[PDB]
There are 2 protein chains.
Amino acid sequence: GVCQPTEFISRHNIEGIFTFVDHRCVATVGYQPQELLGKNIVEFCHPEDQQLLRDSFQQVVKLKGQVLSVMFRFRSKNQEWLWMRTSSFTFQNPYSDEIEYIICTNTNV
Amino acid sequence: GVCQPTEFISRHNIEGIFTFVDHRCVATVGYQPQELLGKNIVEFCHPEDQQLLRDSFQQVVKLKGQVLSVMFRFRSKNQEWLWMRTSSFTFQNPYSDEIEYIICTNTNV
């Protein structure tokens with residue numbers, strides 16, 4: 001049942017900064033979580049795809065709890081553009097209903 | 001870019017108890033997080049698929065950090081068996097490398 005990884009989950013603040021990444025990012029895009037944490041996801045995005053990815057972040061926060069999916073090229077550690085299909089949605093605190101973070105699942109396609 | 005959901009992320013203890021579920025579970029399997037949290041995932045598994053799912057949970061902890069993927073039928077709230085493809089892996093504390101959670105991404109096939 002052993003899988004090689006094909007996706008990783010990240011958490012982001014509303015501006016796009018990585019605040020959590022699981023270790024599958026090493027296999028998927030070549031970076032350790034430590035190399036991504038504190039950086040904006042848009043810094044790893046192909047310049048042509050940056051408005052898509054920005055629009056995704058803006059919209060996911062406007063309709064809290066709605067899921068979006070976007071496709072964009074991600075800069076791997078090995079200096080390749082990797083096509084990524086990322087689903088995004090906000091996670092609300094169960095008690096205040098405020099946005100706690102944006103949850104991204106980033107799949108290499 | 002709006003997506004209807006057909007996967008959700010859960011976290012589990014080593015025995016399979018749900019300790020986290022995102023709200024996409026409502027669309028995917030019909031339950032609120034509160035209906036899953038504190039129950040074992042095996043309680044929602046078709047009896048014929050229970051040993052596969054047990055074997056998954058046993059092995060993911062043995063090779064901590066390795067990703068596994070299993071297919072099993074999940075009992076939805078609407079009393080239907082839904083085929084689920086679940087990837088599982090343990091998330092390690094960044095400083096001790098001890099297991100903190102099992103992270104499951106549960107996708108309706």
# chains A, B, ... in the order shown; residues from 1 in each chain; ligands from 1
$ interface_residues --of "chain B" --to "chain A" --cutoff "8 Å" --atoms "only C-alpha atoms" --output "VMD selection string"
chain B and resid 1 to 5 22 to 23 56 65 to 70 91
$ write_last_selection --atoms "C-alpha atoms" --output "PDB file, in the first residue's frame"
ATOM      1  CA  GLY B   1     -12.914  28.450  -9.802  1.00  0.00           C
ATOM      2  CA  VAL B   2     -15.517  27.282  -7.299  1.00  0.00           C
ATOM      3  CA  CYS B   3     -15.300  23.575  -6.512  1.00  0.00           C
ATOM      4  CA  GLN B   4     -17.874  21.315  -4.820  1.00  0.00           C
ATOM      5  CA  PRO B   5     -15.963  19.217  -2.358  1.00  0.00           C
ATOM      6  CA  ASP B  22     -12.485  19.663   8.130  1.00  0.00           C
ATOM      7  CA  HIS B  23     -15.994  20.749   7.196  1.00  0.00           C
ATOM      8  CA  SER B  56      -3.077   0.822   6.908  1.00  0.00           C
ATOM      9  CA  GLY B  65       6.624   9.517   7.502  1.00  0.00           C
ATOM     10  CA  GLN B  66       5.820   7.001   4.743  1.00  0.00           C
ATOM     11  CA  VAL B  67       2.613   7.592   2.792  1.00  0.00           C
ATOM     12  CA  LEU B  68       0.080   4.810   2.269  1.00  0.00           C
ATOM     13  CA  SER B  69      -3.112   4.789   0.224  1.00  0.00           C
ATOM     14  CA  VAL B  70      -6.058   2.463   0.813  1.00  0.00           C
ATOM     15  CA  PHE B  91       3.264  13.880  10.980  1.00  0.00           C
TER      16      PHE B  91
END
$ calpha_fit_and_write --fixed "chain B" --moving "chain A" --output "CSV table (one decimal) with N, CA, C and O atoms, in the first residue's frame"
chain,number,residue,atom,x,y,z
A,1,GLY,N,-13.9,29.3,-10.4
A,1,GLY,CA,-12.9,28.4,-9.8
A,1,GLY,C,-13.6,27.6,-8.7
A,1,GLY,O,-12.9,26.7,-8.1
A,2,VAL,N,-14.8,27.9,-8.4
A,2,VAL,CA,-15.6,27.3,-7.3
A,2,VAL,C,-15.8,25.8,-7.5
A,2,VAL,O,-16.5,25.4,-8.5
A,3,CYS,N,-15.3,25.0,-6.6
A,3,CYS,CA,-15.3,23.6,-6.6
A,3,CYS,C,-16.4,23.1,-5.6
A,3,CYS,O,-16.6,23.7,-4.5
A,4,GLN,N,-17.2,22.0,-5.9
A,4,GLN,CA,-17.9,21.3,-4.8
A,4,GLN,C,-16.8,20.4,-4.2
A,4,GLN,O,-15.9,19.9,-4.9
A,5,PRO,N,-17.0,20.1,-2.9
A,5,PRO,CA,-15.9,19.3,-2.3
A,5,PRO,C,-16.0,17.8,-2.7
A,5,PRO,O,-17.0,17.2,-2.7
A,6,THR,N,-14.8,17.2,-2.9
A,6,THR,CA,-14.7,15.8,-3.2
A,6,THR,C,-13.9,15.0,-2.2
A,6,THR,O,-13.8,13.7,-2.3
A,7,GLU,N,-13.3,15.7,-1.3
A,7,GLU,CA,-12.4,15.0,-0.2
A,7,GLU,C,-12.4,15.9,1.0
A,7,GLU,O,-12.8,17.0,1.0
A,8,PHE,N,-12.0,15.2,2.1
A,8,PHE,CA,-11.7,16.0,3.3
A,8,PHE,C,-10.5,15.4,4.0
A,8,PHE,O,-10.2,14.3,3.9
A,9,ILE,N,-9.9,16.3,4.8
A,9,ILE,CA,-8.7,15.9,5.6
A,9,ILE,C,-9.2,15.6,7.0
A,9,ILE,O,-10.0,16.3,7.6
A,10,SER,N,-8.7,14.5,7.6
A,10,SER,CA,-8.9,14.2,9.0
A,10,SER,C,-7.5,14.0,9.7
A,10,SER,O,-6.5,13.6,9.0
A,11,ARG,N,-7.5,14.2,11.0
A,11,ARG,CA,-6.4,13.7,11.8
A,11,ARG,C,-6.8,12.7,12.7
A,11,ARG,O,-8.0,12.7,13.2
A,12,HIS,N,-5.9,11.7,13.0
A,12,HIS,CA,-6.2,10.6,13.8
A,12,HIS,C,-5.1,10.3,14.8
A,12,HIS,O,-4.0,10.6,14.6
A,13,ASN,N,-5.5,9.7,15.9
A,13,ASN,CA,-4.5,9.1,16.8
A,13,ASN,C,-4.1,7.8,16.2
A,13,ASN,O,-4.6,7.3,15.2
A,14,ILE,N,-3.1,7.1,16.8
A,14,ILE,CA,-2.6,5.9,16.1
A,14,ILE,C,-3.5,4.8,16.1
A,14,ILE,O,-3.4,3.8,15.3
A,15,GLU,N,-4.6,4.8,17.0
A,15,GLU,CA,-5.6,3.7,17.0
A,15,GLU,C,-6.7,4.0,16.0
A,15,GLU,O,-7.5,3.0,15.8
A,16,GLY,N,-6.8,5.1,15.4
A,16,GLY,CA,-7.7,5.4,14.3
A,16,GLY,C,-8.8,6.4,14.7
A,16,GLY,O,-9.7,6.7,13.9
A,17,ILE,N,-8.8,6.9,16.0
A,17,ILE,CA,-9.8,7.8,16.4
A,17,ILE,C,-9.7,9.2,15.7
A,17,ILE,O,-8.6,9.8,15.7
A,18,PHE,N,-10.8,9.7,15.2
A,18,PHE,CA,-10.8,11.0,14.6
A,18,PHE,C,-10.5,12.1,15.7
A,18,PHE,O,-11.3,12.2,16.7
A,19,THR,N,-9.5,12.9,15.5
A,19,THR,CA,-9.2,14.0,16.4
A,19,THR,C,-9.3,15.4,15.7
A,19,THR,O,-9.3,16.4,16.4
A,20,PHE,N,-9.5,15.4,14.4
A,20,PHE,CA,-9.7,16.6,13.6
A,20,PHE,C,-10.4,16.2,12.3
A,20,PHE,O,-10.1,15.1,11.8
A,21,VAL,N,-11.4,16.9,11.9
A,21,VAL,CA,-12.0,16.7,10.6
A,21,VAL,C,-12.4,18.1,10.0
A,21,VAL,O,-12.9,18.9,10.7
A,22,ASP,N,-12.0,18.4,8.7
A,22,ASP,CA,-12.5,19.7,8.1
A,22,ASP,C,-13.9,19.5,7.6
A,22,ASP,O,-14.5,18.5,7.5
A,23,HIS,N,-14.6,20.7,7.4
A,23,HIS,CA,-16.0,20.7,7.2
A,23,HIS,C,-16.4,20.2,5.8
A,23,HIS,O,-17.7,20.1,5.6
A,24,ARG,N,-15.5,19.9,5.0
A,24,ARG,CA,-15.8,19.2,3.7
A,24,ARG,C,-16.4,17.9,3.9
A,24,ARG,O,-17.0,17.3,3.0
A,25,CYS,N,-16.3,17.3,5.1
A,25,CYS,CA,-16.9,16.0,5.4
A,25,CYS,C,-18.4,16.1,5.3
A,25,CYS,O,-19.1,15.1,5.0
A,26,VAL,N,-19.0,17.2,5.4
A,26,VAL,CA,-20.5,17.4,5.4
A,26,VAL,C,-20.9,17.0,4.0
A,26,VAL,O,-21.9,16.3,3.7
A,27,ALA,N,-20.3,17.7,3.0
A,27,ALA,CA,-20.6,17.4,1.6
A,27,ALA,C,-20.2,16.0,1.1
A,27,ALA,O,-20.9,15.5,0.3
A,28,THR,N,-19.1,15.5,1.6
A,28,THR,CA,-18.5,14.3,1.1
A,28,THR,C,-19.2,13.1,1.7
A,28,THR,O,-19.5,12.2,0.9
A,29,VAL,N,-19.4,13.1,3.0
A,29,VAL,CA,-20.0,11.9,3.6
A,29,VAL,C,-21.2,12.1,4.5
A,29,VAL,O,-21.8,11.2,5.1
A,30,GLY,N,-21.6,13.4,4.6
A,30,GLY,CA,-22.9,13.7,5.2
A,30,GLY,C,-22.9,14.0,6.6
A,30,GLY,O,-23.9,14.4,7.2
A,31,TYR,N,-21.7,13.9,7.3
A,31,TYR,CA,-21.7,14.2,8.7
A,31,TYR,C,-21.0,15.5,9.0
A,31,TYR,O,-20.1,15.9,8.3
A,32,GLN,N,-21.4,16.1,10.1
A,32,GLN,CA,-20.7,17.3,10.7
A,32,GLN,C,-19.4,16.7,11.4
A,32,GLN,O,-19.5,15.6,11.8
A,33,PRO,N,-18.3,17.4,11.4
A,33,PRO,CA,-17.1,17.0,12.2
A,33,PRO,C,-17.5,16.5,13.6
A,33,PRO,O,-16.9,15.5,14.0
A,34,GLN,N,-18.4,17.2,14.2
A,34,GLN,CA,-18.8,16.8,15.6
A,34,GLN,C,-19.4,15.4,15.7
A,34,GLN,O,-19.3,14.7,16.8
A,35,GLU,N,-19.9,14.8,14.6
A,35,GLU,CA,-20.4,13.5,14.6
A,35,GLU,C,-19.4,12.4,14.4
A,35,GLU,O,-19.6,11.2,14.5
A,36,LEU,N,-18.2,12.8,13.9
A,36,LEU,CA,-17.1,12.0,13.7
A,36,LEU,C,-16.0,12.0,14.8
A,36,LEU,O,-15.4,11.0,15.2
A,37,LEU,N,-15.8,13.2,15.3
A,37,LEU,CA,-14.7,13.4,16.4
A,37,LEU,C,-14.9,12.5,17.6
A,37,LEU,O,-16.0,12.4,18.1
A,38,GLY,N,-13.9,11.8,18.0
A,38,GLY,CA,-13.9,10.9,19.1
A,38,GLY,C,-14.3,9.4,18.7
A,38,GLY,O,-14.2,8.5,19.6
A,39,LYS,N,-14.7,9.2,17.5
A,39,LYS,CA,-15.1,7.9,17.0
A,39,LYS,C,-13.9,7.4,16.2
A,39,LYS,O,-13.1,8.1,15.6
A,40,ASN,N,-13.8,6.0,16.1
A,40,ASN,CA,-12.8,5.4,15.3
A,40,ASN,C,-13.2,5.4,13.9
A,40,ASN,O,-14.4,5.1,13.6
A,41,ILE,N,-12.3,5.6,12.9
A,41,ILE,CA,-12.7,5.6,11.5
A,41,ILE,C,-13.2,4.2,11.1
A,41,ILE,O,-14.1,4.0,10.3
A,42,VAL,N,-12.7,3.1,11.8
A,42,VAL,CA,-13.1,1.8,11.5
A,42,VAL,C,-14.7,1.6,11.8
A,42,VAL,O,-15.3,0.7,11.1
A,43,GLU,N,-15.2,2.4,12.7
A,43,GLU,CA,-16.7,2.3,12.9
A,43,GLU,C,-17.5,2.7,11.7
A,43,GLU,O,-18.7,2.4,11.6
A,44,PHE,N,-16.9,3.4,10.7
A,44,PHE,CA,-17.6,3.8,9.6
A,44,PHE,C,-17.2,3.0,8.3
A,44,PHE,O,-17.6,3.3,7.2
A,45,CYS,N,-16.4,1.9,8.6
A,45,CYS,CA,-15.9,1.2,7.5
A,45,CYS,C,-16.7,-0.1,7.2
A,45,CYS,O,-17.1,-0.8,8.1
A,46,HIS,N,-17.0,-0.4,5.9
A,46,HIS,CA,-17.7,-1.6,5.6
A,46,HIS,C,-16.9,-2.8,6.3
A,46,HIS,O,-15.7,-2.9,6.3
A,47,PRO,N,-17.7,-3.8,6.9
A,47,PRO,CA,-17.0,-4.9,7.6
A,47,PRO,C,-16.0,-5.7,6.7
A,47,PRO,O,-15.0,-6.1,7.2
A,48,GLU,N,-16.2,-5.9,5.4
A,48,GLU,CA,-15.3,-6.5,4.5
A,48,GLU,C,-14.0,-5.8,4.3
A,48,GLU,O,-13.0,-6.4,3.8
A,49,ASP,N,-13.9,-4.5,4.6
A,49,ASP,CA,-12.8,-3.6,4.2
A,49,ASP,C,-12.0,-3.3,5.5
A,49,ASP,O,-11.0,-2.6,5.5
A,50,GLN,N,-12.5,-3.8,6.6
A,50,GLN,CA,-11.9,-3.4,7.9
A,50,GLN,C,-10.5,-3.8,8.2
A,50,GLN,O,-9.7,-3.2,8.9
A,51,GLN,N,-10.1,-5.0,7.6
A,51,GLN,CA,-8.7,-5.4,7.8
A,51,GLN,C,-7.7,-4.6,7.0
A,51,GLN,O,-6.6,-4.3,7.5
A,52,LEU,N,-8.1,-4.2,5.8
A,52,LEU,CA,-7.4,-3.3,5.0
A,52,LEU,C,-7.1,-2.0,5.7
A,52,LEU,O,-6.0,-1.5,5.8
A,53,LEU,N,-8.2,-1.4,6.3
A,53,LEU,CA,-8.1,-0.1,6.9
A,53,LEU,C,-7.2,-0.3,8.2
A,53,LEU,O,-6.4,0.6,8.5
A,54,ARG,N,-7.4,-1.3,9.0
A,54,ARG,CA,-6.6,-1.6,10.2
A,54,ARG,C,-5.1,-1.8,9.8
A,54,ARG,O,-4.3,-1.2,10.5
A,55,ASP,N,-4.9,-2.5,8.7
A,55,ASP,CA,-3.5,-2.8,8.3
A,55,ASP,C,-2.9,-1.4,7.9
A,55,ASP,O,-1.7,-1.2,8.2
A,56,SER,N,-3.6,-0.6,7.3
A,56,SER,CA,-3.1,0.8,6.9
A,56,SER,C,-2.6,1.6,8.1
A,56,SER,O,-1.5,2.2,8.0
A,57,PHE,N,-3.4,1.6,9.1
A,57,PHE,CA,-3.1,2.3,10.4
A,57,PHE,C,-1.9,1.7,11.1
A,57,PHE,O,-1.0,2.4,11.6
A,58,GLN,N,-1.8,0.4,11.1
A,58,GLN,CA,-0.7,-0.3,11.7
A,58,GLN,C,0.6,0.0,11.0
A,58,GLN,O,1.6,0.4,11.6
A,59,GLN,N,0.6,0.0,9.7
A,59,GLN,CA,1.8,0.2,8.9
A,59,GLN,C,2.3,1.6,8.8
A,59,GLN,O,3.5,1.9,8.8
A,60,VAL,N,1.3,2.6,8.8
A,60,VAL,CA,1.7,3.9,8.6
A,60,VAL,C,2.6,4.4,9.8
A,60,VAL,O,3.4,5.2,9.7
A,61,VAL,N,2.3,3.8,11.0
A,61,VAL,CA,3.0,4.2,12.2
A,61,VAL,C,4.3,3.5,12.3
A,61,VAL,O,5.3,4.0,12.9
A,62,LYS,N,4.4,2.3,11.7
A,62,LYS,CA,5.7,1.6,11.8
A,62,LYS,C,6.8,2.2,11.0
A,62,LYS,O,8.0,2.3,11.4
A,63,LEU,N,6.5,2.7,9.8
A,63,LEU,CA,7.4,3.5,9.0
A,63,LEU,C,7.1,4.9,9.0
A,63,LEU,O,6.4,5.4,8.1
A,64,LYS,N,7.5,5.6,10.0
A,64,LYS,CA,7.1,7.0,10.2
A,64,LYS,C,7.4,7.9,9.0
A,64,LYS,O,8.5,8.0,8.6
A,65,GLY,N,6.4,8.6,8.5
A,65,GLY,CA,6.6,9.5,7.4
A,65,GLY,C,6.3,8.9,6.0
A,65,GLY,O,6.1,9.6,5.1
A,66,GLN,N,6.2,7.5,5.9
A,66,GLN,CA,5.8,6.9,4.7
A,66,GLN,C,4.3,7.1,4.4
A,66,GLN,O,3.5,7.1,5.3
A,67,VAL,N,4.0,7.3,3.1
A,67,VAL,CA,2.6,7.5,2.7
A,67,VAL,C,2.0,6.2,2.2
A,67,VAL,O,2.6,5.5,1.4
A,68,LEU,N,0.8,5.9,2.7
A,68,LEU,CA,0.0,4.7,2.2
A,68,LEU,C,-1.3,5.3,1.6
A,68,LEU,O,-1.7,6.3,2.0
A,69,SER,N,-1.9,4.5,0.7
A,69,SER,CA,-3.2,4.7,0.2
A,69,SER,C,-4.0,3.5,0.2
A,69,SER,O,-3.5,2.4,-0.1
A,70,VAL,N,-5.2,3.6,0.7
A,70,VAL,CA,-6.1,2.4,0.8
A,70,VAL,C,-7.5,2.8,0.3
A,70,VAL,O,-7.9,4.0,0.3
A,71,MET,N,-8.2,1.9,-0.3
A,71,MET,CA,-9.6,2.1,-0.8
A,71,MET,C,-10.5,1.2,0.1
A,71,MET,O,-10.2,0.1,0.3
A,72,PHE,N,-11.6,1.8,0.5
A,72,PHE,CA,-12.6,1.2,1.4
A,72,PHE,C,-13.9,1.9,1.3
A,72,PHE,O,-14.0,3.0,0.8
A,73,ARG,N,-14.9,1.2,1.7
A,73,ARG,CA,-16.3,1.8,1.7
A,73,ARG,C,-16.6,2.4,3.1
A,73,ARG,O,-16.4,1.8,4.2
A,74,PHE,N,-17.0,3.7,3.0
A,74,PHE,CA,-17.3,4.5,4.1
A,74,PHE,C,-18.9,4.6,4.2
A,74,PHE,O,-19.5,4.9,3.2
A,75,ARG,N,-19.4,4.5,5.4
A,75,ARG,CA,-20.9,4.6,5.7
A,75,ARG,C,-21.3,6.1,5.7
A,75,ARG,O,-21.0,6.8,6.7
A,76,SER,N,-21.9,6.6,4.7
A,76,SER,CA,-22.4,7.9,4.7
A,76,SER,C,-23.7,8.1,5.6
A,76,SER,O,-24.4,7.1,5.9
A,77,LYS,N,-23.9,9.3,6.0
A,77,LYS,CA,-25.0,9.7,6.8
A,77,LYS,C,-26.4,9.3,6.2
A,77,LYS,O,-27.4,9.1,6.9
A,78,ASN,N,-26.3,9.3,4.9
A,78,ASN,CA,-27.5,8.9,4.1
A,78,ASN,C,-27.6,7.4,3.9
A,78,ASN,O,-28.4,6.9,3.0
A,79,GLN,N,-26.9,6.6,4.7
A,79,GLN,CA,-26.9,5.1,4.6
A,79,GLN,C,-26.6,4.6,3.3
A,79,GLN,O,-27.3,3.7,2.7
A,80,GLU,N,-25.5,5.0,2.7
A,80,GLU,CA,-25.0,4.5,1.4
A,80,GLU,C,-23.5,4.1,1.7
A,80,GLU,O,-22.9,4.8,2.5
A,81,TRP,N,-23.0,3.1,1.1
A,81,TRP,CA,-21.6,2.9,1.1
A,81,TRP,C,-20.9,3.7,0.0
A,81,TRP,O,-21.2,3.6,-1.2
A,82,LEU,N,-20.0,4.6,0.5
A,82,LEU,CA,-19.2,5.4,-0.5
A,82,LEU,C,-17.8,4.9,-0.6
A,82,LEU,O,-17.1,4.8,0.4
A,83,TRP,N,-17.4,4.6,-1.8
A,83,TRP,CA,-16.0,4.3,-2.0
A,83,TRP,C,-15.1,5.5,-1.7
A,83,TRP,O,-15.2,6.5,-2.3
A,84,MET,N,-14.1,5.2,-0.9
A,84,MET,CA,-13.2,6.2,-0.4
A,84,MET,C,-11.7,5.8,-0.8
A,84,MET,O,-11.4,4.6,-0.5
A,85,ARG,N,-10.9,6.7,-1.3
A,85,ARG,CA,-9.5,6.4,-1.4
A,85,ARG,C,-8.8,7.4,-0.4
A,85,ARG,O,-9.0,8.6,-0.5
A,86,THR,N,-8.2,6.8,0.6
A,86,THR,CA,-7.6,7.6,1.7
A,86,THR,C,-6.1,7.4,1.7
A,86,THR,O,-5.6,6.3,1.7
A,87,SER,N,-5.4,8.5,1.6
A,87,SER,CA,-3.9,8.5,1.8
A,87,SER,C,-3.7,8.8,3.3
A,87,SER,O,-4.4,9.6,3.9
A,88,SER,N,-2.7,8.1,3.8
A,88,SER,CA,-2.4,8.3,5.3
A,88,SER,C,-0.9,8.4,5.4
A,88,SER,O,-0.1,7.8,4.8
A,89,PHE,N,-0.4,9.2,6.4
A,89,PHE,CA,0.9,9.3,6.8
A,89,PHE,C,1.0,9.9,8.2
A,89,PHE,O,0.1,10.7,8.6
A,90,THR,N,2.1,9.6,8.9
A,90,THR,CA,2.3,10.3,10.2
A,90,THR,C,3.1,11.6,10.1
A,90,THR,O,4.0,11.7,9.3
A,91,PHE,N,2.7,12.5,10.9
A,91,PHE,CA,3.3,13.8,11.0
A,91,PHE,C,4.1,13.8,12.2
A,91,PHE,O,3.6,13.5,13.3
A,92,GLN,N,5.4,14.0,12.1
A,92,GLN,CA,6.4,14.0,13.2
A,92,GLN,C,6.7,15.4,13.7
A,92,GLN,O,6.8,16.4,13.0
A,93,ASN,N,6.7,15.5,15.0
A,93,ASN,CA,7.1,16.8,15.6
A,93,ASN,C,8.5,17.2,15.0
A,93,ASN,O,9.5,16.4,15.0
A,94,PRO,N,8.7,18.5,14.6
A,94,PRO,CA,10.0,18.9,14.0
A,94,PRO,C,11.1,18.9,15.0
A,94,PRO,O,12.3,18.7,14.6
A,95,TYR,N,10.8,18.9,16.3
A,95,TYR,CA,11.8,19.0,17.4
A,95,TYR,C,12.2,17.7,18.1
A,95,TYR,O,13.3,17.5,18.5
A,96,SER,N,11.2,16.9,18.3
A,96,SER,CA,11.4,15.6,18.9
A,96,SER,C,11.4,14.4,18.0
A,96,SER,O,11.8,13.3,18.3
A,97,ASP,N,10.8,14.6,16.8
A,97,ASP,CA,10.6,13.6,15.8
A,97,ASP,C,9.6,12.5,16.2
A,97,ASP,O,9.5,11.4,15.5
A,98,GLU,N,8.8,12.8,17.2
A,98,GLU,CA,7.8,11.8,17.6
A,98,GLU,C,6.6,12.0,16.7
A,98,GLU,O,6.3,13.0,16.2
A,99,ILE,N,5.8,10.9,16.5
A,99,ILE,CA,4.5,10.9,15.9
A,99,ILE,C,3.6,11.8,16.7
A,99,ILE,O,3.3,11.5,17.8
A,100,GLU,N,3.0,12.8,16.0
A,100,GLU,CA,2.0,13.7,16.6
A,100,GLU,C,0.7,13.3,16.2
A,100,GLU,O,-0.2,13.4,17.1
A,101,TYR,N,0.5,12.9,15.0
A,101,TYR,CA,-0.8,12.3,14.6
A,101,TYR,C,-0.7,11.7,13.2
A,101,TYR,O,0.4,11.9,12.6
A,102,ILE,N,-1.8,11.1,12.8
A,102,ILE,CA,-1.8,10.5,11.4
A,102,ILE,C,-2.7,11.4,10.6
A,102,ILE,O,-3.8,11.9,11.1
A,103,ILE,N,-2.2,11.9,9.5
A,103,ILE,CA,-3.0,12.8,8.6
A,103,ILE,C,-3.6,11.9,7.4
A,103,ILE,O,-2.9,11.3,6.7
A,104,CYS,N,-4.9,12.0,7.3
A,104,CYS,CA,-5.6,11.3,6.3
A,104,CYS,C,-6.3,12.3,5.3
A,104,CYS,O,-7.0,13.2,5.7
A,105,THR,N,-6.2,12.0,4.0
A,105,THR,CA,-6.9,12.8,3.0
A,105,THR,C,-7.8,11.7,2.4
A,105,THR,O,-7.3,10.8,1.8
A,106,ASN,N,-9.1,11.9,2.5
A,106,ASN,CA,-10.2,11.0,2.2
A,106,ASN,C,-11.0,11.4,1.0
A,106,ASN,O,-11.7,12.4,1.1
A,107,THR,N,-10.7,10.8,-0.1
A,107,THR,CA,-11.3,11.2,-1.4
A,107,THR,C,-12.4,10.2,-1.8
A,107,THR,O,-12.2,9.0,-2.0
A,108,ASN,N,-13.6,10.8,-2.1
A,108,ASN,CA,-14.7,9.9,-2.6
A,108,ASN,C,-14.4,9.6,-4.1
A,108,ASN,O,-14.3,10.6,-4.9
A,109,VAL,N,-14.2,8.4,-4.4
A,109,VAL,CA,-13.9,7.9,-5.8
A,109,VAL,C,-15.0,7.2,-6.4
A,109,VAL,O,-16.1,7.7,-6.5
$ select_by_dssp --residues "chain B" --states "strand (DSSP E or B)" --output "JSON, numbers by chain"
{"B": [2, 3, 7, 8, 9, 10, 11, 12, 17, 18, 19, 20, 21, 40, 45, 67, 68, 69, 70, 71, 72, 73, 74, 75, 81, 82, 83, 84, 85, 86, 87, 88, 89, 90, 91, 92, 99, 100, 101, 102, 103, 104, 105, 106, 107, 108]}
$ select_by_dssp --residues "chain B" --states "alpha helix (DSSP H)" --output "list in words"
residues 25, 26, 27, 28, 29, 33, 34, 35, 36, 50, 51, 52, 53, 54, 55, 56, 57, 58, 59, 60, 61 and 62 of chain B
